[PDB]
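*Asks:* structure for the following, please:
(chains A, B, C, D, E, F and G)
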Amino acid sequence: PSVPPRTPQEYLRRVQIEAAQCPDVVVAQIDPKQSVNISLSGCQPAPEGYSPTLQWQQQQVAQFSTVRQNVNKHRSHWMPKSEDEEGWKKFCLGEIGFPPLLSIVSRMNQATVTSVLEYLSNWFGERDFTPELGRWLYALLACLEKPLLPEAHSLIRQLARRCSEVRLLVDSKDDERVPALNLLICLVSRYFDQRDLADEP
Amino acid sequence: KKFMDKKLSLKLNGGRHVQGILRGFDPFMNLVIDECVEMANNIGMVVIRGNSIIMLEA
Amino acid sequence: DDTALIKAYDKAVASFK
Amino acid sequence: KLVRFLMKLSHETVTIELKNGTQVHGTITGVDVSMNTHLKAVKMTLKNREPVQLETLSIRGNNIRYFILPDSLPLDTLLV
Amino acid sequence: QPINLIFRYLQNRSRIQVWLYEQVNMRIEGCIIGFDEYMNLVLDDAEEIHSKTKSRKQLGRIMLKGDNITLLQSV
Amino acid sequence: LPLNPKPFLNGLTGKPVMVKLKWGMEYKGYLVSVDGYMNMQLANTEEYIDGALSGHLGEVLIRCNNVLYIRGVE
Amino acid sequence: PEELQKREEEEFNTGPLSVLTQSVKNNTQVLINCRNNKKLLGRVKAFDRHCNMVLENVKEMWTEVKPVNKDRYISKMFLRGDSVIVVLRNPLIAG
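*Replies:* Numbers count the residues shown, from 1 in each chain, chains lettered A, B, ... in the order given. Please find the structure below.
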C-alpha cells in the first residue's frame, strides 16, 4: 500500500496502475521559419490549340500497348558497349546512324534500354529534336518492360518535361515536331502512369 | 532448461560476440549471463534481450 | 517486318488530326 | 482497420515496393490480416538484374514498403 | 530471471550501460530511476558513450525506448 | 520517488526536447503533444544530421517506433 | 463499449495524429520522410493508429549522384506505417 514493493511483478502492477491514472493523451498549448524542399517541375502546358484531344491520346495508348506485344515476339528470337555514352549517341543518330530495327532493340537488355534512353535525353537537352530521335525514344519506350524502377520513371518524366518546353518554341502546328512531342508526352503521361504530366485539355 | 550454469558463446546483431555462463532466462527469451567477455574484456553480469541473439552455442 | 517499330512510330505521328 | 481495406482488393493488380527496393507487379489473390500478400501473374523488377516472371508469389506484410494502387481504384467506396 | 536483475538495478539505483540494437558505434550510460513492461527506461544523469573516440556526451535525464535495447550491464 | 516512463514523458510536454532517432537523426522542438503509443508532435522543429543543423521543419509528427530516447533541453 | 472507440477519434482531433487528420479533413498535403530515404508529398485519404495510410497524388522525391533531384508520381498508394519516420504538417515546397 504505502510500503514499497519487493518483487518486480508487484512493481509493475504498481507502475501499471499509475499509468492508468495518467491522462492518455496530453496537448500543451504554446505561444509564439521553415526550410524549402525543392521539387521538380510539371510539364509546360500546350499553347492554345496545340493540345491533343482525349480520344487521340486514348487511341495511341491502346495502339502502343499492341505494339509492345509484338515487341515480345522478336524478343523471343535471342552495338556499342552499354557504358559508351558517345558511341550510343553516334550509333543511333550518327552525324547518318542506325535506325531502331527489332533486330537490334530486341537484343538489348533492360539495363541498357534504360542507359540509352538517358544518353538520348542528354543529347536532346543540348541538340534539336529530329524524327530519327523520335523513333528511337518511341522504340526504347516500347522495349521498356514494367514494373519500372523509380530511376526509370524519373528518366522518362525528365524526357517528357524536355518535350513540353521544346513545344513552346514552335510557331505553327504544321511543325514536324509537335505530333512527335505530343506523343511522347502522352505515352509517359498515360501509358507509364505519370498522369500529373498529362495534357488534360 | 539445461543450458543453465553451462558455459556458452553468443552472436548478437550488428556482428557482436559474447562469452559467459547462462544464469537465468524468461518466456521472452531474455537471458542473464554471468562472467561475460566482450570479443571485439570482462564485463560482469549482464541482461541480454530475446532478439539480438542470432546464434547461441556451447 | 524487322522495321515494325520505325513503321509504328510513323503511323502514330501521321495519325495526328 | 485500414488492412480491412487491403483485404477487399482481390483481383486488383498492383505494384509493390519491397523494403529492399524491389518493385513487384502482380494480381492480388489474397491479403491476410497482418498484410501478407499472395500474388499471381508476377513480374519482379530488380536493381541489377533482368526481370523475373512467376506464376505466383507470396510476400510477408513486414517486407512491404507500400502498395501502388490502380488509378481507376474507387477509394471512397472501399473506405467504409 | 532477468526482470529481477533489472529490478535490482532499480533498487540499488545502479549505473548501467545499454547496448543499442540499431547502433553499434554507441552505448548509453545512466542511473535507472524507472521502467515499465516495455522495458522503457527513465535514466538519470545519462551519457552517450562513443566508440573509438573515447568521448562522453551529457544528456541528463532521458527516457530510453525499450525496443532499442540489446543488452544491459553494470558500471 | 521513482520516476516512470509515461509520467516522465507527460512531464515533458510544453517544453523544449531533443528527440533522437534509431537511425541517428535528432529533432529539437517544443513538445506540443503525446499519445498512448508515445507518438509525439513537435513545433518549431529543427533537424540535426551528423549533429549539423539540417532543416527548419516547423510542425512535425514523429512515429513512436523510430525514437531512441527523448530528453529535455534548456 | 464500441462507441468508446469514439474516444479514439477525439484522440485524433488532438494528440500528435492530428497532423494527419488535418490532411484528411482539409484536403491538405503533407510531407513524409520515409526509410527508403525518400520523401513523399501527398494528400491523406485515410489512416489508422499505426500510420498505415492511403494517399492520393503522391510525389516520391529524392536526390542521387553534384547530386540530382529525382522524382516520380503515384496516383494512389497504400503506405505501411512502418516505412514512416516523420510527417510534416503544412510543408513548404517550391519549383
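
*Asks:* so who does the residue nearest to the spatial centre of chain F touch?
*Replies:* For chain F, residue F:19 is the residue whose C-alpha lies nearest the centre (CA atoms, centre = their mean; 3.4 Å). Residues in contact with residue F:19 (CB atoms under 8 Å, 6 or more residues apart in numbering or on different chains) are F:26-29, F:40, F:42, F:62, F:67, F:69-70. All C-beta spots, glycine's among them, are computed from the backbone N, C-alpha and C.

*Asks:* let's go with 6 Å and repeat that
*Replies:* Residues in contact with residue F:19, defined by CB atoms under 6 Å, 6 or more residues apart in numbering or on different chains, are F:27, F:67, F:70.

*Asks:* ramachandran angles for the second one?
*Replies:* Spelled out, that is residue F:67. phi -80, psi 140 (degrees, to the nearest 10).

*Asks:* out of everything not next to it in sequence, what's closest to it?
*Replies:* In this structure, residue F:67 finds its nearest non-sequential neighbour in residue E:65, 5.4 Å apart by CB to CB, 6 or more residues apart in numbering or on different chains.

*Asks:* number of nearby residues for the residue nearest to residue A:58 when sequence neighbours are not counted?
*Replies:* Leaving out its chain neighbours, the residue that sits closest to residue A:58 by CB to CB, 6+ apart is residue A:190, at 7.7 Å. Using other CB atoms under 10 Å in any protein chain shown, the number of residues around residue A:190 comes to 21.

*Asks:* before we move on, back to that, the residue nearest to the centre of chain F bridge partners, please.
*Replies:* Beta-bridge partners for residue F:19, by DSSP bridges, are residue F:27, residue F:70.

*Asks:* residue of chain B nearest chain A, please.
*Replies:* Residue nearest to chain A within chain B (CB to the nearest CB): residue B:26, separated by 10.7 Å.

*Asks:* touching, residue A:181 and residue A:163? I think so.
*Replies:* Yes: counting by CB atoms under 6 Å, residue A:181 touches residue A:163, with 4.4 Å between them.

*Asks:* and the gap between residue F:25 and chain E?
*Replies:* Distance, residue F:25 to chain E, by CB to the nearest CB, to the nearest Å: 12 Å.

*Asks:* need the contact list for that residue.
*Replies:* Residue F:25 is in contact with residue F:49, counting by CB under 6 Å, 6+ apart.

*Asks:* same question for residue D:41.
*Replies:* For residue D:41, the contact set (CB under 6 Å, 6+ apart) comprises D:26-27.

*Asks:* buried set for the helix or strand hosting it?
*Replies:* Element membership for residue D:41, per DSSP states H and E: strand D:37-45. Neighbour-count burial for strand D:37-45 flags D:37-40, D:42-45 (criterion: 16 or more other CB atoms under 10 Å in any protein chain shown).

*Asks:* who in chain C is up against chain D?
*Replies:* For chain C, no residue is in contact with chain D (CB under 6 Å from any CB of the partner chain).

*Asks:* all the helices of chain D, residue numbers only.
*Replies:* Along chain D, the stretches classed as helices by DSSP state H are D:2-7, D:75-78.

*Asks:* kindly report the same for chain G.
*Replies:* For chain G, the helices defined by DSSP H cover G:6-10, G:18-26.

*Asks:* tell me which of the ones you listed is the most buried.
*Replies:* Ranked by mean neighbour count, the helices of chain G are led by helix G:18-26 with a mean of 18 (mean count of other CB atoms under 10 Å in any protein chain shown).

*Asks:* and the contacts of that helix?
*Replies:* F:61, G:12, G:28, G:30, G:43-44, G:47, G:87, G:89.

*Asks:* in contact with the most centrally placed residue in chain E, which residues?
*Replies:* Nearest residue to the geometric centre of chain E (CA atoms, centre = their mean): residue E:18, 4.1 Å. By CB under 6 Å, 6+ apart, the contact set of residue E:18 is E:28, E:69, E:72.

*Asks:* and residue G:33, by the same measure?
*Replies:* Per CB under 6 Å, 6+ apart, neighbours of residue G:33: G:39, G:85-86.

*Asks:* any part of stretch A:12-19 near chain B?
*Replies:* No: counting by CB under 6 Å from any CB, chain B has no neighbours in stretch A:12-19; the shortest distance is 13.1 Å.

*Asks:* spatially, what comes nearest to the residue in chain D sticking out farthest from the centre if we skip its sequence neighbours?
*Replies:* The C-alpha centroid of chain D is most remote from residue D:48, which lies 21.6 Å away (CA atoms, centre = their mean). Distances taken as CB to CB, 6+ apart place residue A:111 nearest to residue D:48, at 7.1 Å, with adjacent residues excluded.

*Asks:* and residue E:57, by the same measure?
*Replies:* Nearest non-adjacent residue to residue E:57 (CB to CB, 6+ apart): residue E:48, at 4.1 Å.

*Asks:* that neighbour in helix, strand or coil?
*Replies:* Following DSSP: H, G, I helix; E, B strand; the rest coil, the label given to residue E:48 is strand.

*Asks:* please tell me how far it sits from residue G:85.
*Replies:* Using CB to CB, to the nearest Å, residue E:48 is found at 21 Å from residue G:85.

*Asks:* equivalent analysis for residue A:123, please.
*Replies:* In this view, residue A:123 and residue G:85 are 39 Å apart by CB to CB.

*Asks:* ok, residue D:25 next?
*Replies:* 26 Å.

*Asks:* so who does residue 35 touch?
*Replies:* Let's take chain A. Going by CB under 6 Å, 6+ apart, residue A:35 touches F:55-56.

*Asks:* looking at chain G here, not the other one
*Replies:* By CB under 6 Å, 6+ apart, the contact list for residue G:35 reads residue G:83.

*Asks:* distance of it relative to residue D:36?
*Replies:* 20 Å.

*Asks:* check residue A:73 too.
*Replies:* Going from residue A:73 to residue D:36 by CB to CB gives 37 Å.

*Asks:* what about the strands in chain A?
*Replies:* A:26-27, A:37-38 (DSSP state E).

*Asks:* which bits of chain A sit near chain E?
*Replies:* Counting by CB under 6 Å from any CB, chain A sits next to chain E at A:8, A:12, A:15.

*Asks:* returning to that earlier point: residue A:73 and residue D:36: who's more crowded?
*Replies:* Per other CB under 10 Å, whichever of residue A:73 and residue D:36 has more neighbours is residue D:36, with 15 against 11.

*Asks:* who's in contact with the closest residue to that one other than its chain neighbours?
*Replies:* Closest residue in space to residue D:36, ignoring its immediate chain neighbours: residue D:61 at 4.6 Å, by CB to CB, 6+ apart. Residue D:61 makes contacts with D:34-36, as judged by CB under 6 Å, 6+ apart.

*Asks:* could the buried residues of strand D:37-45 go into JSON lines alongside distance to chain G?
*Replies:* Listed next are those as JSON lines, based on distance: CB to the nearest CB, whole Å:
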{"residue": "D:37", "distance to chain G": "11"}
{"residue": "D:38", "distance to chain G": "16"}
{"residue": "D:39", "distance to chain G": "14"}
{"residue": "D:40", "distance to chain G": "19"}
{"residue": "D:42", "distance to chain G": "18"}
{"residue": "D:43", "distance to chain G": "18"}
{"residue": "D:44", "distance to chain G": "17"}
{"residue": "D:45", "distance to chain G": "13"}
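
*Asks:* for chain A, give me its nearest residue in chain C.
*Replies:* residue C:16 (4.0 Å).

*Asks:* would you confirm that that residue contacts residue A:180?
*Replies:* No: contact criterion CB under 6 Å: residue C:16 and residue A:180 do not qualify, at 9.0 Å.
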